[PDB]
Structures are given as structure tokens and as C-alpha cells.
Asks: 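Sharing a structure below in C-alpha cells format, with a few things to ask.
Here is the naming used below: chain letters follow the sequence lines, and residue numbers restart at 1 for every chain.
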Amino acid sequence: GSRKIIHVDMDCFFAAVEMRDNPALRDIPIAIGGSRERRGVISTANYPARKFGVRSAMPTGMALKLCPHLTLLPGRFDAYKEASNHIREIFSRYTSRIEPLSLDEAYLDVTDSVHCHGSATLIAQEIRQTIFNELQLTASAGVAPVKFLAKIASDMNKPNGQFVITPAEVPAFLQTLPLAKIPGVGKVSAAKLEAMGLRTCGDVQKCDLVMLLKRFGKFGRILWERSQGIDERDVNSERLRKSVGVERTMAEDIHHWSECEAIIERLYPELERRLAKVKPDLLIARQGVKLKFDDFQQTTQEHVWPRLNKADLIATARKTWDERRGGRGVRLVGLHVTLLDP
DNA sequence: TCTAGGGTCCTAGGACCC
DNA sequence: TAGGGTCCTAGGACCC
Ligand SMILES: *P([O])(=O)(O[C][C]1O[C](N2[C]=C([C])C(=O)[N]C2=O)[C][C]1[O])OP([O])(=O)OP([O])([O])=O
Ligand SMILES: [Mg+2]
Ligand SMILES: [Mg+2]
């Protein structure tokens, strides 16, 4: 009953698009991200910038101290969305079992596939080659019997490469696999796991499921299963977006409600436009607001509400501003909508 | 260095129902 | 008849 799962992942996706579209950026350190003045972070960087330590999620002021010649780009999301549509059409030439996880990556289930003599290895190579031939961007891939191993595999021969894990190879692969490599095990969980002596899947194999369930709940079960190589999650091609949000961080903290209302007045048209692309009548389940203060604490209040409404969002922002706030600067204002269930 | 914006999923207490 | 299920809501880890 061994499945064949491919995970395909574009290399340096936004930066790779900006280099294709402007080859002057091919050989200098570049990153997509907000300026230091706009208090931004790096969305991604190309390999010349990564050499300096530039990474996604790094504050832009840190990126520039590492890499003073970093060229900073604002990002062209329609160009990225166009590349995404194109690689997803390429995936559809091989299977309809496609679960996109973001613009630039997807799981493919090729168990029942007829192409390339049923070789998942060869299908993944053909997909990478087609992507390069038709988009002039490179992709990496991972092939494994389950989702999470395929996703780990696609990182191991990046860029422009792939890696295959057979069922025979899974135990040796797991034995020394750090837990932080498992998708869903982040910094906070890895630090709690490390503090109790659990660093690798090998360690977690030496653990009692009951203990893990008590200490971590349902996450304890996922940890126990992943460390065994167990991941029965099916490739699901039917997922749908559940929310849409629009938020902005100010270049300077705001301290007056008039400044906050001004911001919302700019955010609301953007939220209406994006909602209307997917729900023309603007009918929704909930709407709400988000404030983030200068001490980085963040609050949201949302409520049942039938149709996107600018004044109610203003009124709700005003309550949050008056109430849970307390004289701090505000760095971010956001609007949010929960979509009607399908 | 000084910390984004797009999202998904889980948890947990109280309201509400039976 | 003392408790079980199910929304509502806020927060936060985590993902790209
Ligand atoms: P990935 O595959 O992790 O992200 C794809 C693109 O999403 C954007 N993005 C990513 C991260 C991790 C983030 O924190 N913020 C983002 O905005 C930019 C990404 O390009 O990232 P990648 O393709 O760039 O890097 P590699 O080559 O390692 O896959
Ligand atoms: Mg990528
Ligand atoms: Mg990706």
C-alpha cells in the first residue's frame, strides 16, 4: 500500500522571478522585502544575498547590516501569481491529485499515475524540467511515501535538484532527523522538546505515546506518528480559503485615533476589492479588526456580521483603541473577514 | 537588527442547548 | 440533574 508523494518547491521563488524579469539582478545580492524605513522584513533573498546570512523573516535592518549592498525590491505579486498558475497547470498534465500549499509549492499524489512508467522519480524530474523550459525558473522536488517526508526531501538537494526516500530508507532517515525539520514543529515546540531531551525522531521513538499525549495533546500524537514515519494525511485537491485580511505596519507608531481611522479608510477599499474577487455580493460570516502595539502585543476583535461594512470596522477599531490599549504606540492596523462556510 | 503580510490550525472558557 | 455537545470568541504557534 505504499503511495508515491511528490513535493515540488520553487527555488528562491520571488527573487527568482525578479531575476528572470530583470537579469541585471542575477549576480548581485537582492531580496524582496520592506525597507528599514518602512520597518520591513525580508520575504526572500537570492543566493548571492543568502551567502551573507540574509534569510526570510529577518528584519530588513538586520539584513542590511549583514549585507550592506543588498538590493531591496518591493515585490510584484501578480507576476508571482502568474508563475504559480503556470506551474499548477504543469502539475495537472501529470495528475489531478494536486494540493497547493502556497504560490510556489504543492503536493502531488502520483501513486496511480501512468506517466514515466510509474516512476515518481522521473515524473518529478520531468516536472522540474518543464517548469524550467516554460517559465525559466528552477524547482526542487522531494519524493517519499508520505507528505511530510516528501516536503523534507525537497529541501535536501536545493536548488535545482531533488531527493527520493524509499520505504526501505525511511528508518535510517528518521533516526537522526531533527524534530525541528518536521513541518509544524517550530522554534517554540523544538525548544520545549529539546528541554526534555528530545531532539530527533530517534529520541521520540524511545517515548511513550501516552506521555506525549499528556504533555502535548494532539500535537503529541502527531509527534509520535511522524517520528515513526507515519503520516496518513491524504493529498487533498479540494481546499478553499476561509478568511481574507488586509493589514499594514506604519513607518512610525501612531498615537491618535484620527491617525488610526485614516489608516482604516485606506485599508477598507483594498479589503473590499479582494473580497469581491471571491464573493461579489460581499456576503461574509464575520468581520473584525487587529491592532498591534509598540510592545508587540497584538489583539483582534471580530464578530458575526453578514456583509462587509466599513463603519462597523471603524467602530470596532475605536472600541479596541479605547479599551484594550493603554497609551502605547500602535504599529499595525488590520482588517479581517471570515468567509461563509462552503 | 528590531522585528511583514498572506494565511491555516489548535486550544480553551463561557454561552447555549438538552 | 449533573453532565455532554456545540457555537462564539481571542490568542498564538506555525507555515510560505
Ligand atoms: P518558501 O519556499 O519558504 O517561500 C516561497 C516564497 O513566499 C514568500 N515568503 C516565504 C517565507 C518563508 C516567508 O517567511 N515569507 C515570505 O514572504 C517568499 C518566498 O520566495 O521560500 P523560497 O522559494 O523563496 O526559498 P527556497 O529556495 O528555499 O524554497
Ligand atoms: Mg520555495
Ligand atoms: Mg515553498
Asks: Once you round it to whole Å, what is the distance between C1' of B:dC2 and CE of A:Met62?
Replies: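 The answer, rounded to whole Å, is 7 Å.
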
Asks: Under a 3.5 Å cut-off for both contacts, is B:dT11 paired Watson-Crick or G-U wobble with anything, and if yes, with which nucleotide?
Replies: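 Base partner found: C:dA10.
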
Asks: Give the ring-plane orientation class for A:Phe14 versus A:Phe77, where under 30° counts as parallel, over 60° as perpendicular and anything between as tilted.
Replies: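 Ring orientation, 0 to 90° scale: perpendicular.
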
Asks: Looking at B:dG7, I'd like to know if its phosphate oxygens (OP1 or OP2) sit under 4.0 Å from a side-chain N or O belonging to A:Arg241.
Replies: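 Affirmative; the distance criterion is met.
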
Asks: Does a donor on one side chain sit under 3.5 Å from an acceptor on the other, for A:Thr249 and A:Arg39?
Replies: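 A:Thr249 vs A:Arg39: no donor-acceptor pair found between side chains.
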
Asks: Start at the 5' end of DNA chain B and walk down; is the nucleotide closest to A:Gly40 or to A:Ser243 reached first?
Replies: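 Taking each residue's closest nucleotide, the earlier one in sequence belongs to A:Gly40.
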
Asks: For the residue pair A:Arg50 and A:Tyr47, would you count it as a cation-pi contact if the rule is NZ or CZ under 6.0 angstrom from the ring centre and within 45 degrees of the ring axis?
Replies: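 That pair qualifies as a cation-pi contact.
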
Asks: Please report the distance, rounded to the nearest Å, between CG in A:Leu64 and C1' in B:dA4.
Replies: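 The answer, rounded to whole Å, is 15 Å.
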
Asks: Find the distance A:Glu37:CD to B:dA4:P and express it as a whole number of Å.
Replies: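 Nearest whole value for this atom pair: 15 Å.
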
Asks: Side-chain contact test, heavy atoms from C-beta onward, threshold under 4.5 Å: evaluate it for A:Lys147 versus A:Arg226 and give yes or no.
Replies: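 A:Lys147 vs A:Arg226: side chains apart.
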
Asks: Please tell me if A:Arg331 has a side-chain N or O lying less than 4.0 Å from either OP1 or OP2 of B:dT3.
Replies: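 Checking B:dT3 against A:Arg331, a side-chain N or O does come within under 4.0 Å of OP1 or OP2.
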
Asks: Below 30° counts as parallel, above 60° as perpendicular, anything between as tilted: where do the rings of A:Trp257 and A:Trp321 land?
Replies: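 Taking A:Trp321 first and then A:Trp257, their aromatic rings stand perpendicular (interplane angle over 60°).
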
Asks: Kindly say if A:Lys242 contacts the phosphate of B:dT8, meaning a side-chain N or O under 4.0 Å from OP1 or OP2.
Replies: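 Looking at the OP1 and OP2 atoms of B:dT8, neither is under 4.0 Å from any side-chain N or O of A:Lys242.
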
Asks: Using a cut-off of less than 4.0 Å, is there contact between a side-chain N or O of A:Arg248 and OP1 or OP2 of B:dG6?
Replies: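 For B:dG6, OP1/OP2 do have a side-chain N/O of A:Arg248 under 4.0 Å.
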
Asks: Does the side chain of A:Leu291 reach to within under 4.5 Å of the side chain of A:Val333, using non-hydrogen atoms?
Replies: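 Yes. Closest side-chain heavy atoms under 4.5 Å.
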
Asks: Whole angstroms only, please: what is the CH2-P distance between A:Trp305 and C:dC7?
Replies: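 Taking CH2 of A:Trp305 and P of C:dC7, I get 23 Å after rounding.
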
Asks: Using the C1'-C2'-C3'-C4' sign, is B:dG7 on the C3'-endo (north) or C2'-endo (south) side?
Replies: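 Pucker of B:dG7: north.
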
Asks: Looking at C:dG4, which nucleotide sits across from it as a Watson-Crick or G-U wobble partner, both distances under 3.5 angstrom, or is there none?
Replies: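 Result: B:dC17.
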
Asks: Can you see whether A:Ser140 engages A:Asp11 through a side-chain donor-acceptor pair at a distance of less than 3.5 angstrom?
Replies: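 Yes, side-chain donor-acceptor contact under 3.5 Å.
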
Asks: Taking only the P atom of each, what is the distance from B:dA15 to C:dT1 in whole angstrom?
Replies: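 Each nucleotide's P atom is 24 Å from the other's.
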
Asks: Write down the distance between CZ (A:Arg221) and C1' (B:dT11), rounded to a whole number of angstrom.
Replies: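 So the CZ-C1' distance, A:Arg221 to B:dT11, works out to 17 Å.
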
Asks: Base, sugar-phosphate or nothing for A:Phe296? Non-hydrogen atoms, less than 4.0 Å.
Replies: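 Counting heavy atoms under 4.0 Å across all strands, the contact made by A:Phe296 includes a base.
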
Asks: Would you mind telling me which residue lines up with the more 5' stretch of DNA chain B, A:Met250 or A:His336, judged by nearest nucleotide?
Replies: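 Result: A:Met250.
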
Asks: What is the distance, to the nearest angstrom, from the CG atom on A:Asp253 to the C1' atom on B:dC2?
Replies: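 So the two atoms are 12 Å apart, to the nearest Å.
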
Asks: With the threshold set at 4.0 Å, does a side-chain nitrogen-carboxylate oxygen contact exist between A:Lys151 and A:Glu105?
Replies: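 Looking at A:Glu105 together with A:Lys151, the answer is yes, because their closest N to O distance falls below 4.0 Å.
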
Asks: For nucleotides 10-16 of chain C, read 5' to 3', which letter fits each nucleotide if B means a protein heavy atom sits under 4.0 Å from the base, S means only the sugar-phosphate is that close, and - means neither?
Replies: SS-SSSS

Asks: Between C:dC8, B:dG7, B:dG5, spot the one nearest the side chain of A:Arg274, thanks.
Replies: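 Nearest to the side-chain atoms of A:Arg274, counting from C-beta on, is B:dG7.
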
Asks: Between A:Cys201 and A:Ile182, is any pair of side-chain heavy atoms under 4.5 Å apart?
Replies: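 Touching, per the 4.5 Å side-chain cut-off.
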
Asks: In this structure, how many angstroms lie between the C1' atom of B:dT8 and the CD1 atom of A:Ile222, rounded?
Replies: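 Atom CD1 in A:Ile222 sits about 15 Å away from atom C1' in B:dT8.
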
Asks: Considering only the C1' atoms, how many Å lie between C:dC15 and B:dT1, rounded to the nearest integer?
Replies: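 It works out to 23 Å between them.
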
Asks: Just by the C1'-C2'-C3'-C4' torsion, is B:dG5 north or south?
Replies: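 Here the sugar adopts a south pucker, which is what a negative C1'-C2'-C3'-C4' value indicates.
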
Asks: When you check the sign of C1'-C2'-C3'-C4' for C:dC15, do you get north or south?
Replies: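 Here the torsion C1'-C2'-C3'-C4' comes out positive, placing C:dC15 north.
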
Asks: Could you check how far CG of A:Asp341 sits from P of C:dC8, rounded to whole Å?
Replies: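 It works out to 9 Å between those atoms.
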
Asks: Compare side-chain N and O positions of A:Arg239 against OP1 and OP2 of B:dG7 and report whether any pair is under 4.0 Å apart.
Replies: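 A:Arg239 to B:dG7 OP1/OP2: no side-chain N or O under 4.0 Å.
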
